[PDB]
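In structure tokens:
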């Protein structure tokens, strides 16, 4: 459970070091902070995801590292390590979807983020998002679908996942 | 649920090394990630299901070991090591044979380019980086039981070999710090399990009995491969074998071949005296329902064959007498036109003796690299004209023998490792075989590694210059000293303190000047390393409980340090003003400096004095007098003898300034250390003789002699029945 | 590229001698299992040495390799007086096959250091080399550690081969 966390940080840190030759300081802080403890139940889950949020949010970094970070988040929500028992999981998911809507960082990362939005919103945990965040989500998938410059297959990815989130949203009128 | 079995079969086909040409490295990376993320979800539960655990045990580890061996791409190895680390973390308990093979082999390649070694170090650091407990756990799974080879001790030795900056020539700079992190974490964690257990309370469980039994096994095997006759009797005396009968010897030799050296068994077994051992050992193997080539493979996989011919004749003659009776005989079903039938061949013992020699002939003639003239199938087939009750052999039979030997050798795999084509048999050979209590495991863990780690750390402490790494090294060394002191390991603790005392740069120009300034003082102040060394060296002194651990040279270094500190007027000599107050005497005569300037002559310039002031503040903060002498425990007869021996008897030209001062200082110390001393019957004569002999030194001013007479009467008050010395004093 | 056989009883002495011969330069990993197969160089000559066991049944298997072979070697120990009776039987047995007209025969009386080592003339008398004719033979004395005239024996082999070829 904690092995996978510093596993992911090891992978992203060595990728960053290979690519480079401000984020690594907090990354090693995450490494040292998660080294000691046994189980995640002691501490909050916003800080463990926070370096991933910082890398994915800002646009100064190329597609390799942000693709690796998005695959890391995919592994996170696939393995369900950020469980409801963990403290402040609502805030962690809210921050994840708030940062993820900014489609900034060629076309691989767009499909990775929109698949991640599908996996979050379709899941029951996606019911905990706020109205502003989910509205921004709908805005960014609409921007992806509307575009013509982008590849058409990415457009069909946006079309299908838009259909999915619309179904999930409109099921809530009961 | 069968779909899981088929899916893991498909991933076996993806990952396995046979399908190298028909797949891309991207596909292999994807397959690696697939089984990696599949393992995490139902990891331990795979133990319950036997077929899936077998699939994850034998073949997929063949794949993982083949990939880590002969891979050059960095992304491929990055994906490969992740699955291995997760499998060690989750399923490390059950499949530990493969883990031991992987760790020995990966550490073998590790200690031989730079980037692959860096990635390997960074990924294998996963195992210890989870928590310190794994580093203990591997001791109580791998090295404890006698069956498996040593891992953990080799782990520490290899890792601390790698931690040196000396590897920077052959490795990139990213390896040393992450290497050092594991050892630092281990020694830091070992300090955590110290507070609860008392020092005197601790000082064995069934688990450590295996470790005690193991250590003689290595020496026994070394003696055995040194020569054969000296090995078995000591071994039987130790009682590993049930008795001296040949049956028990065969029972040993068949089961635990991996421990022993194959060439030793090959040399011993062919001895013409031990034919009974030959017969008894030959019975243990099975050949029922197998072809002849599989029979020779089973014969020679367990032990190496001897080179010379008559020994092969003896060994195969031993083979035939048992292999003939092993297989039941049915003369009724003899046939020639039949194909792929084992029962059709029922050779007489001489016939199968000749055939068994024949496959050896084929292997040696064909596949020996030296022989230029390879064999031919037709002449080989004709060579066995009339060697089964004077009759020829089936064509398909000898054809299959020739095809089998052509496709694959007859040779043991363990020596001929590293080749790309040979890992199949080498892998297949192995799997045919298959709070107070916590501290007790760690004694042996220190006992093999304790010097080496310390030496490595001290090498870094000599090479490093940054403040942070140096102080981290110093506090880790302090915790190592705590571990040595609590565990009652004497020579090691002496090694740390002696190396520190060499490193502090106080144990061996410009004369002394007024805030004294000196060569030693400036050397102390300007250098940060010794500056931080002194404070730890006198922090460790305070906390010592058992004074027996100190050695002679350690005490000598202590008196040299305190004397050299007092030489330059750093430390005031009033360690025991309470003794003076009780005896109602004034303070000591401080040693004079050479020149005293108040505030081209060599005045110490303003840019030189700051080192002296920094040294002043550091030594004042160290609290030397309360450290060495203030604590009650350190007072011992060894300190008295070494201190009073270290007085300067003779007065050279140079030492005129501090001669009488140091002479008074030593005895002023020894009175207080005698007074707190519990027993006084024996050492009293020693201190009296040394002090009275020292009083007879000439040239002393009358002030110090008046001071010296005051001690003698107090000595004679304390010590017992020395009438002659009192008479000498009176006279 | 010629072949020579070698026959004896004591494995350790034969193996040590064989390791002693092959030193022109040693760059190798491991030999294959089975029989010892070794190389020996000399100025203008190179030779390959195989091993042979002596008994009735298997010596038929050694027959075809004799088509290219032209030489034979022995090793006989000094203080092994008991087992000369076993050795000379094998010596006479090797003469039994009649296709070996061109078989060069040698002896290496290993361990000629101990005081009870029988004389070379007495070695000939005991082995029984006098009462046979019609073939070439040679006898020589050598020591495992110190060495004595082994290269002279190889020179004799080379000169015999150049006399033949």
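Chains as they are written, first to last, in the deposited numbering: chain A, 11 to 31, 71 to 154, 162 to 230; chain C, 329 to 440, 455 to 545, 550 to 780, 799 to 872, 888 to 893, 903 to 987, 1004 to 1135; chain D, 17 to 181. Note that the Cβ used here is the ideal one computed from N, Cα and C, for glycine as well.
Proximity of residue 13 of chain A to chain C, defined by a Cβ-Cβ separation below 7 Å, is satisfied. The criterion of a C-beta distance shorter than 7 Å is satisfied by residue 95 of chain A and residue 141 of chain A. Residue 339 of chain C is a Cβ neighbour of residue 363 of chain C, given a cutoff of 7 Å.
Taking the C-beta atoms as reference points, residue 1068 of chain C is found no nearer than 7 Å to residue 1101 of chain C. Check the Cα spacing between residue 176 of chain A and each of A/162, A/164, A/144, A/199: the tightest is with A/144. Cβ proximity to chain D below 7 Å picks out 756, 757, 761, 762 from the region 753-778 of chain C. Classified as exposed, residue 1124 of chain C has fewer than 16 neighbouring CB atoms from the shown chains inside 10 Å of its CB.
According to DSSP, residue pairing for residue 93 of chain A in a beta bridge involves A/136. C-alpha of residue 72 of chain D to C-alpha of residue 727 of chain C: approximately 20 Å in a straight line. Checking the DSSP bridge columns, you'll see residue 79 of chain D has no partner listed. Note on geometry: alpha-carbon atoms of residue 819 of chain C and residue 1043 of chain C lie some 27 Å from one another.
Going by C-alpha positions, residue 86 of chain D is about 19 Å away from residue 166 of chain D. Residue 703 of chain C has a beta carbon lying within less than 7 Å of a beta carbon in chain D. In this structure, residue 83 of chain A lies near residue 15 of chain A, with their beta-carbon atoms less than 7 Å apart. For residue 181 of chain A, there is no enclosing alpha helix (DSSP H), as DSSP marks it with neither H nor E.
Taking C-alpha positions only, residue 695 of chain C is separated from residue 402 of chain C by approximately 57 Å. Straight through space, the alpha carbons of residue 489 of chain C and residue 935 of chain C are spaced by roughly 41 Å.
Contacts with chain D (Cβ-Cβ distance below 9 Å) from the region 689-702 of chain C involve 696, 699, 700, listed in chain order. Of all residues in the region 83-95 of chain A, those with a C-beta nearer than 8 Å to a C-beta of chain C are 84, 87, reading in chain order. By the rule that beta-carbons nearer than 7 Å mark a contact, residue 472 of chain C touches chain A.
Taking the C-beta atoms as reference points, residue 640 of chain C is found no nearer than 7 Å to residue 69 of chain D.
Around the Cβ of residue 460 of chain C, a 10 Å sphere holds 16 or more other Cβ atoms; the residue is buried. Between residue 1115 of chain C and residue 1070 of chain C, the C-beta gap is not smaller than 7 Å, which leaves the two residues out of contact.
By alpha-carbon distance to residue 186 of chain A, the top candidate from A/146, A/196, A/29 is A/146.
Separation of residue 337 of chain C and residue 484 of chain C (C-alpha to C-alpha, rounded to the nearest whole angstrom) is 30 Å. Residue 19 of chain A and residue 77 of chain A have their C-alpha atoms roughly 8 Å apart.
For residue 968 of chain C, the three-state secondary structure derived from DSSP is helix. Look at residue 21 of chain D here: in three-state DSSP terms it is strand. When secondary structure is reduced to three states using DSSP, residue 435 of chain C falls in the helix class. Burial check for residue 859 of chain C: the Cβ neighbour count within 10 Å reaches 16 or more, so the residue is buried.
Not a single C-beta of chain C is nearer than 7 Å to the C-beta of residue 60 of chain D. If you check each beta-carbon in the region 651-678 of chain C against every beta-carbon of chain D, the ones closer than 8 Å belong to 651, 652, 653, 654, 655, 656, 657, 658, 659. With 16 or more other Cβ atoms inside 10 Å of its own Cβ, residue 1088 of chain C counts as buried. Close CB contacts of residue 562 of chain C within its chain, under the 7 Å cut and outside five residues either way in sequence, are with 584 (chain order).
Pairing residue 933 of chain C with residue 1032 of chain C, the inter-Cα distance amounts to about 13 Å.
Look at residue 165 of chain D: its C-beta is not under 7 Å from any C-beta on chain C.
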